[PDB]
Amino acid sequence: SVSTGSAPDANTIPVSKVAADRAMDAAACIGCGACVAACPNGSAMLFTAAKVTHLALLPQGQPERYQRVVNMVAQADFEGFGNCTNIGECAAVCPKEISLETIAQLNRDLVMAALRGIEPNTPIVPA
Amino acid sequence: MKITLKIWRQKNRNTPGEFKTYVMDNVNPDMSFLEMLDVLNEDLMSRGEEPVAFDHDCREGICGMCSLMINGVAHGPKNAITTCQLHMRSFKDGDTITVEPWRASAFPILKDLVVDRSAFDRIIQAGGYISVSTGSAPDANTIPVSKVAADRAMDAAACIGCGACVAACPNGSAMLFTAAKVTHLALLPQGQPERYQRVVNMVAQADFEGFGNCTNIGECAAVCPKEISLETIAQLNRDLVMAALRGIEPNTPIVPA
Amino acid sequence: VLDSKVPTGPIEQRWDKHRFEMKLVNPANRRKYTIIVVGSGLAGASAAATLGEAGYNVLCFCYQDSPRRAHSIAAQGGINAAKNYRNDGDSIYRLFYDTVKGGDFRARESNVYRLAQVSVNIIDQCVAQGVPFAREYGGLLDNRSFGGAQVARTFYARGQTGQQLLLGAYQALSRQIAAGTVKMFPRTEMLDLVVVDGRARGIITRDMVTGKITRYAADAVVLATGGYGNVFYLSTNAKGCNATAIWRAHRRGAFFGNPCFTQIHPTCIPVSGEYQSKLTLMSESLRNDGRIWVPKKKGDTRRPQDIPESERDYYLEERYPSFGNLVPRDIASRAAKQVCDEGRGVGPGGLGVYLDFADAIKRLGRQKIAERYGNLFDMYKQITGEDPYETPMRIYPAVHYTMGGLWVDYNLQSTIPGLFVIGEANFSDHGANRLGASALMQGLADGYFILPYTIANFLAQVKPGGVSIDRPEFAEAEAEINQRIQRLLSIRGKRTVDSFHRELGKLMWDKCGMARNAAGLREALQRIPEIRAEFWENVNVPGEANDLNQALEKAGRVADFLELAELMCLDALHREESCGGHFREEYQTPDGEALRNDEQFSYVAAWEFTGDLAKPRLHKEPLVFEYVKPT
Amino acid sequence: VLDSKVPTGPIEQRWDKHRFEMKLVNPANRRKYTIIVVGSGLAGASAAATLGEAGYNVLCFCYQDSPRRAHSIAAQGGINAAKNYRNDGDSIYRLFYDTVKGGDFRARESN
Amino acid sequence: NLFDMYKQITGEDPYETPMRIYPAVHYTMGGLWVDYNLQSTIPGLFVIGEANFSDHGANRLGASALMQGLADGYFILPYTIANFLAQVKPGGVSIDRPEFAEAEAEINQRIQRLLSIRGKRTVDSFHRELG
Ligand SMILES: Cc1cc2nc3c(=O)[nH]c(=O)nc-3n(C[C@H](O)[C@H](O)[C@H](O)COP(=O)(O)OP(=O)(O)OC[C@H]3O[C@@H](n4cnc5c(N)ncnc54)[C@H](O)[C@@H]3O)c2cc1C
Ligand SMILES: Cc1cc2nc3c(=O)[nH]c(=O)nc-3n(C[C@H](O)[C@H](O)[C@H](O)COP(=O)(O)OP(=O)(O)OC[C@H]3O[C@@H](n4cnc5c(N)ncnc54)[C@H](O)[C@@H]3O)c2cc1C
Ligand code: SF4
Ligand code: SF4
Ligand code: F3S
Ligand code: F3S
Ligand code: FES
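Heads up: these notes are all about the structure in this document. (Residues numbered from 1 in each chain as written, not as in the entry; some residues may be left out. Chains lettered and ligands numbered in written order. Part of a larger assembly, values for the part shown. Heavy atoms only, no water.)

**Focus on the overall build of chain D**
Okay, so step 1: Along its length, chain D carries 3 helices and 2 strands.
Okay, so step 2: Helices (α) and strands (β) of chain D occur, in sequence order from the N terminus, as α-β-α-β-α.
Okay, so step 3: For 111 residues, the compact-globule estimate of 2.2 N^0.38 gives 13 Å, and the C-alpha radius of gyration of chain D, at 18 Å, exceeds that figure by more than 25%.
Okay, so step 4: Seen through its C-alpha atoms, chain D measures out along the principal axes to roughly 45 × 40 × 35 Å.
Okay, so step 5: The long-range share in chain D, meaning contacts at least 24 apart out of those at least 6 apart in sequence, stands at 35%.
Okay, so step 6: Computing the positive centroid from 16 side-chain charges and the negative centroid from 11, chain D places the two 7 Å apart. (Helix = DSSP H or I, 4+ residues; strand = E, 2+ residues; numbered from the N terminus. Rg over C-alpha atoms; globule rule 2.2 N^0.38 Å. Contact = heavy atoms within 4.5 Å. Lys, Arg positive; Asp, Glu negative; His and termini not counted. Charge placed at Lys NZ, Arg CZ, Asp CG, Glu CD.)

**With respect to the overall build of chain B**
Okay, so step 1: Of the regular secondary structure elements, chain B holds 8 helices and 5 strands.
Okay, so step 2: Along chain B, helices (α) and strands (β) appear in the sequence β-β-α-β-β-β-α-α-α-α-α-α-α when read from the amino end.
Okay, so step 3: By residue count, 57% of the 257 residues in chain B fall in the buried class.
Okay, so step 4: Nonlocal contacts in chain B, meaning residues at least 24 apart in sequence, comprise 71% of its contacts between residues at least 6 apart.
Okay, so step 5: Carbon and sulfur atoms make up 50% of the accessible area of chain B, which totals about 10300 Å².
Okay, so step 6: Here chain B carries 23 positive and 29 negative side-chain charges, and the mean point of each set is 2 Å from the other. (Buried < 20%, exposed > 50% of the residue type's maximum accessible area, 1.4 Å probe, protein only. Areas by Shrake-Rupley, 256 points an atom, 1.4 Å probe, with all protein chains shown as cover.)

**A short note on the interface of chain B and chain C**
Okay, so step 1: Counting residues at the interface gives 70 residues for chain B and 66 residues for chain C.
Okay, so step 2: For the pair chain B and chain C, the summed buried area comes to about 5800 Å², and 51% of that belongs to carbon and sulfur atoms.
Okay, so step 3: When the buried area of chain B at its contact with chain C is split by residue, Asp57, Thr134 and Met154 of chain B rank highest and sum to 12% of it.
Okay, so step 4: Seen at the junction of chain B and chain C, the total is 6 salt bridges.
Okay, so step 5: For the salt bridge of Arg187 of chain C with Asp55 of chain B, the shortest nitrogen-to-oxygen distance reads 2.7 Å.
Okay, so step 6: Where chain B meets chain C, there are 31 residue pairs in polar contact.
Okay, so step 7: Taken together, the elements giving at least two residues each to the side of chain B that touches chain C come down to α1 (33–47), α2 (118–125), α3 (147–157) and α5 (175–186) of chain B. (Buried area = accessible area lost by both parts, 1.4 Å probe. Salt bridge = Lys/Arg side-chain N within 4 Å of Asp/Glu carboxyl O. Polar contact = N/O pair within 3.5 Å; in protein donor to acceptor, adjacent residues only side chain to side chain.)

**Observations regarding the packing of helix α4 (residues 65–79) of chain A against helix α6 (residues 101–115) of chain A**
Pairs of packed helices are described in terms of their axes, by the angle between the two and the distance that separates them.
Residues and elements named next belong to chain A.
Okay, so step 1: Contact geometry of α4 with α6 gives a least axis separation of 9 Å together with a crossing angle of 110 degrees. Taken together, α4 and α6 sit at an angle that is classed as roughly perpendicular. Touching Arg65, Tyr66, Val69, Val70 and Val73 of α4 are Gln105, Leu106, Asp109, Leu110, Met112 and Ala113, all from α6.
Okay, so step 2: Considered class by class, the residues forming the contact of α4 with α6 number 8 nonpolar, 1 polar and 2 charged. (Axes fitted to C-alpha atoms, helices over the stretch in contact; angles between N-to-C directions. Parallel < 35°, antiparallel > 145°, perpendicular 65-115°, else oblique. Nonpolar A, V, L, I, M, F, W, Y, C, P; charged D, E, K, R; others polar.)

**Concerning the interface of chain C and chain D**
Okay, so step 1: Contacts between the two partners involve 10 residues from chain C, matched on the other side by 8 residues from chain D.
Okay, so step 2: For the chain C and chain D pair, buried surface summed over both sides reaches about 850 Å², with 54% attributable to carbon and sulfur atoms.
Okay, so step 3: Interface area lost by chain C to chain D is led by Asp88, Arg94 and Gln150 of chain C, which between them contribute 53%.
Okay, so step 4: Our count for the chain C to chain D interface comes out at 2 residue pairs in polar contact.
Okay, so step 5: Each residue belonging to the side of chain C that touches chain D can be placed in one class, and the counts come to 4 nonpolar, 4 polar and 2 charged.

**Focus: the site of ligand 3**
Okay, so step 1: In the vicinity of ligand 3, the residues found are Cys29, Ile30, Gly31, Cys32, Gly33, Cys35, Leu46, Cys94 and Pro95 of chain A.
Okay, so step 2: Classifying every residue of the shell around ligand 3 gives 7 nonpolar, 2 polar and no charged. (Near = heavy atom within 4 Å.)

**Digging into the arrangement of the chains**
Okay, so step 1: Looking across the 8 pairs of chains in contact, one finds the most contacts between chains B and C.
Okay, so step 2: Separated throughout, chain B and chain D approach each other most closely at a C-alpha pair spaced 18 Å apart.

**What about helix α2 (residues 42–54) of chain C?**
Residue and element names in this part refer to chain C.
Okay, so step 1: Along its 13 residues, α2 runs 18 Å from first to last C-alpha, staying within 8% of the 18 Å computed at 1.5 Å per residue.
Okay, so step 2: Tucked into the core, α2 has its buried residues touching β1 (34–38), β2 (57–61), α5 (161–178), β5 (182–185) and α10 (439–461).
Okay, so step 3: At the exit of α2 stands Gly55, carrying a positive phi of roughly 135 degrees. (Expected span 1.5 Å × (residues − 1).)

**Here we look at the site of ligand 4**
Okay, so step 1: Near ligand 4 the following residues occur: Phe120, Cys159, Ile160, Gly161, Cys162, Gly163, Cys165, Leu176, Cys224 and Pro225 of chain B.
Okay, so step 2: Classifying every residue of the shell around ligand 4 gives 8 nonpolar, 2 polar and no charged.

**A short note on the nonpolar core**
Okay, so step 1: Counting 244 residues, the largest nonpolar core has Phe211 of chain B together with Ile79, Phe133, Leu419 and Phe535 of chain C as the members making the most contacts within it.
Okay, so step 2: Ranked by residue count, the leading element in this core is helix α14 (residues 550–574) of chain C, at 15 residues.
Okay, so step 3: Not counting residues within four places of it along the chain, the set of residues in contact with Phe133 of chain C comprises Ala150 of chain B together with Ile79, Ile123, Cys126, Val127, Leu141, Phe155, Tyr156, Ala157, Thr161 and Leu165 of chain C.
Okay, so step 4: Listed in part, the 28 residues of the second largest apolar core include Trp8, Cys84 and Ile97 of chain B together with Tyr275 of chain C. (Core = buried A, V, L, I, M, F, W, Y, C linked by side-chain atoms within 4.5 Å.)

**Let's talk about the side chain of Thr267 of chain C**
Okay, so step 1: Within the secondary structure, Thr267 of chain C sits in the loop between β11 (262–265) and β12 (292–295).
Okay, so step 2: Every residue in contact with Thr267 of chain C, bar those within four places of it in the chain, is listed here: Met282, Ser283, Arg287 and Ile395 of chain C.

**With respect to the packing of aromatic side chains**
Residues and elements named next belong to chain C.
Okay, so step 1: Per the counting criterion, the structure on display carries 41 aromatic pairs over all chains.
Okay, so step 2: Where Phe61 meets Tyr216, the ring centres are 5.0 Å apart and the plane angle is 70 degrees; that geometry is what we call edge-to-face. Residue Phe61 is located in strand β2, and its partner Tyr216 is located in strand β8 (residues 213–217); the two are separated by 155 residues in the primary sequence. Each member of the pair, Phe61 together with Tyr216, is buried.
Okay, so step 3: Between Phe185 and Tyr216 the ring centres are 5.3 Å apart and the planes differ by 55 degrees, which places this aromatic pair in the tilted class. Placement of the pair is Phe185 in strand β5 and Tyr216 in strand β8, with a sequence separation of 31 residues.
Okay, so step 4: Judged by relative accessible area, which is 15%, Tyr216 ranks as buried. (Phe/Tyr/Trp six-rings, centres within 6.5 Å; stacked < 30°, edge-to-face > 60°.)

**Looking at the environment of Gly418 of chain C**
Residues and elements named next belong to chain C.
Okay, so step 1: Summarising the element assignment, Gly418 is placed in the loop between β17 (405–406) and β18 (419–421).
Okay, so step 2: Residue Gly418 is classed as buried on the basis of its relative accessible area, which comes to 0%.
Okay, so step 3: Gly418 sits 405 residues away from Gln13 along the chain, and the two C-alpha atoms are 26 Å apart.
Okay, so step 4: Excluding residues within four positions of it along the chain, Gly418 makes contact with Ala220, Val221, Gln413 and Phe458.

What follows is the structure, encoded as structure tokens:
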């Protein structure tokens, strides 16, 4: 949640090369939806986990990550997707080879958010 | 609305005081308490007695100069308001109202209802700040501060320094004031580099100044005009425990001039 | 002759060129100079903290319990800066143009540009000190529009921006006090200024707790004692705000710059009887719904909500319909004062007009109205005792701010050499009208980024020390103060101090108030000396000098107000034009705005004390405009 | 006739002078205007997001399944800027000269 | 990622077999003419991105269309569109005006004609011939 014109200088916040590389690996998701079609539960956990991992590996995504994941997860439950049984078909089908560790990162973030009492906001109703 | 008042009357710091009664016949229900005191003072001056002295600057509950113990409860019976914000619509016809200053060793009484609250200033002087000099500040948007952290810092930072927490506390402790300042400075990144020293210094100063200890009674948060929560004291306790684990030694106390 | 000392060349490099051209004091020598700072507001505390950080010996004063009690603390609105964080078109030049046009072309351009140029540094410093500004969800600062400004350039705490700014300044001052550089003397008020060989070299103060009279000596004296809007008895200023310091300095030789320039506030809670003198400031964000009305019948006992729509005199609608009920605050408040003066008020004493919200509640949703006016409605219910959601609000205008004060040049130095006036006590750069969220910015700019350089230049031009507190000037000032206090205590008449203050305030509000005419000002100038003589002959201030005597302080402030009122009435009579806050009924356009006269009154008037309160001397400092043209 | 409406004076202050000279809409009045944006590429999405942040009512359109499926998602090369981080002689003027010379002198200088 | 991509598409390893290439049209510098305010000849119509002529002249430098589009979207169009909007009164035009009806009727007639031609050659045949 950054607005136009308020950004600081580009080199203000340093990001380690490893963190940037992992964020780029998670951020290269083309939103095809093949993960949903391969998961026997019809879950969008790989897509959500990839977005959460992308935004959670950079400092600019720190101020609202623990809320972010919760909201996103709730929205998936609201949209009709299933749950994740850690089966792993989505990782084998994903065109960009997004690893199953994005889901582990999402699980860690959600556990930490639950420990802090973060509650999901109102769901995004379609127009 | 006939009102009888029992006001504490003390000539100076060394002269002992006593309660005196004043009966007033007509009191407008919608005028504030301090304006009633002003009308009483005008009547006293007309009659020929010494007027009642009390602290008042803004009359909006922001400056923090109002300090009155009305009917046994700080800042009047209503909560989350200061003395300047209390109106006589909250009282009853024929009621008897007792008016007193704060009572503490660190708040000496100078007049009828005026006290010396420089102890809070000295507590602030011993680390309750961020040591940044003029001209060296970076750009405003350099360091991001989450909205929740900024909101909690603003909640703790809205302390008007009235000293009602000391007066309500059975031990006469300034734990709520110190905790509010520590919480304000500890919730922003700019306050990180010296927080673990800061709290220790501030706490020591309170002990040096003559305040009591905190028994977690919670009386302070019930009369605080700005509703500072008791979680500030928990934050101060966490900070002090973590500072003790680091071997942080308090500095020399701030001796008054 | 008044030398503004403004630089030359392009306006963007004027401040930098001046900064290069001024002299400096070596950091080793700074400890040899003593600076007295009278006042601990935003300007005073910022100046004291910065001068303590530099190394000078600073002696700060305030009449309250603590330095953190000052009507800098009460400010609710935000603070402006030319950061352009919202990408809406704001810039330093845009802010400079806005401030110089909002003042109705009655201020120097260089000062306004310097303020607009240092606003960005003001915001950076305030953020770095831990001030809790409102943030967005991403962690970056949030901006809002000041209820009509064309850009969103305002930084704010939730509702107490002034409190947070003053607390940052007070924390810096406390840090300097702990370092031993600044000595703070609360609960004492400066009563006189001592000038030695044409330089302001010290002050005479009275300690209000013990009554002690003390003499302080220093190389330079800074005055940051705030505005004098309390000369009218009813105002939104604090109960202790006064004009003692600036009036004593003016009597010593300082020049008073446009004393008649005052600014009022449209919406304030009306008084509840002839005993209250404080009117609580509301927010300007009201009046957006409009619905200002008054019952058609002069006296109605029916409830406000029981009055039918056809029976309501919805004035400000059948008059000035072209504006859309969003008439300028000057015209709306003049109409409200006239309506209340006709005897058609609605308050307890007949002072106040109805601000209805029922139609706004019906048209809009109560949820949004609550989410935008909840704090205001709760505050009104706490004080007034009536719920705005059901019954109409009551409002009445009151005097809020004073643009006038002591004349200062580009170096913030008054006519008396070595005397620096910052904050609201100088004429400075607001011109004839103060823009919203600009007094805080002006005070912080003067304290932080402007005064250090100019005071260093002045101190480098001279040598430290040489004046002690045993000079005959100190003795004469102290004797005059003692005689004045003894006379005050020995008058022991009948009327109280507040009666004289109320009479003076009502006379000043009726004649030299919002609407002024030559006949009214002449009558007021005739009346003022009689009130002053009656005060000096028939006042009753009881107690003893060597105690905590509040009536004595009030008596001194009232005497100074009685002297200042004559000068400001004379200044209002002099200026035969309408501009900004100063309004003359003979120089208005038919719509009701202010009709200027730029070919005869495009100057700053400085008034010199000639020893006579009826014949002060007038000096004109011409104004030349090169980048912004009057229109 | 075609009026380019380019500013005057030195080329470094042309955009700032134009920004000062142009009119403004108060933030309160922005909600009364509706803007249609046809396209959701880099330009379209950036414009829609910025005008939404300002406060206007924006109506964005695209013919694909989703706004992200637009073109310019396939751009493989980097993006230029005159930041001079590598400290090798780059600047705003150097970039302006490079862009106006690489275009074979067939474009306006102010843009 | 280029030899592998070429092998994935073509099916021949560049390390052992020569690559095959052929030029193709990539970008269009031309488009709708706009003035300094990014406004076309029609008042109120703003063209940004690749759809306008703007400032690439006769040849687009590498990594320039991305920053051109982002500049138009982020830092240029807001100011100019606000400048245009501040000079006009909001609202006043609804979707019941005759211009909307005429445009909608023209579109409907065009679509009906396209559907009713039902010739022999396909659309891609004509597109290929034109290309
Ligand atoms: C209710 C209210 C709301 C306002 N809201 C806004 C707003 O939203 N935005 C804005 O830009 N401006 C606002 N202002 C205006 C602005 O806040 C003040 O005008 C400004 O802060 C004054 O600057 P100052 O520090 O010099 O004055 P003050 O802060 O009033 O300075 C007074 C200081 O001088 C000392 N002093 C005074 N007289 C003496 C004496 N005789 N002897 C010794 N010490 C003395 C006092 O002890 C105190 O330390 C508001 C003003 C008021 C009253
Ligand atoms: C393969 C490739 C690589 C490139 N690499 C680079 C590079 O490295 N650097 C560089 O600077 N430039 C590069 N470009 C050029 C540049 O990225 C794009 O060509 C384009 O100029 C930038 O995107 P745009 O938003 O302007 O247009 P686009 O992203 O193409 O805009 C298309 C948008 O308009 C919408 N739209 C179109 N027609 C309609 C219609 N009739 N109705 C409704 N919506 C419609 C679409 O739905 C979509 O949202 C490359 C282009 C290509 C094709
Ligand atoms: S399959 Fe992979 S690339 Fe496709 S939507 Fe799922 S996570 Fe994204
Ligand atoms: S913590 Fe509350 S009661 Fe104590 S001084 Fe601060 S505002 Fe007053
Ligand atoms: S395969 Fe399906 S069940 Fe979960 S772990 Fe992957 S989305
Ligand atoms: S009420 Fe008193 S006992 Fe301690 S926790 Fe608060 S100071
Ligand atoms: S006078 Fe300021 S809080 Fe009461």
